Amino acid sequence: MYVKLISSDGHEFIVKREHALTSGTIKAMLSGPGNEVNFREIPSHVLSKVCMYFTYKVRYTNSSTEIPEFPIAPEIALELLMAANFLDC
């Protein structure tokens, strides 16, 4: 199963459910309702980078191989910190 993550500026990010569940906030938003998540305060340049983090995390968690650095450009570092702090990942 894939999930749709929608940024503040309307960008649709389709990612594997397993990848999205890396974030405890996304996990909490997908369990409670008795799938698609909207983020009014996270813009697309930040949410794209968060999705790259999900890919990275599932690929390299419990790998015996060498793992590369997760790169963060200086320009996005503050917004991405605030995103990670809110998303719990």
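Residue positions are given as counts along the sequence shown, with the first one as 1.
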**Prompt:** Between residues given as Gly34 and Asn35, how many of the deposited sequence are not built: none, 1 to 3, 4 to 9, or 10 or more?
**Reply:** 4 to 9
**Message:** Which is higher on mean Cα B factor in this entry, 16-24 or 62-70?
**Reply:** 62-70
**Asked** 46-54 versus 25-33: which one carries the higher mean Cα B factor per the record?
**Response** 25-33
**Asked** Split the chain's modelled residues into thirds by Cα B-factor; is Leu87 in the lowest, middle or highest one?
**Response** middle
**Ranked against its chain, the third holding the CA B-factor of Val3** = middle
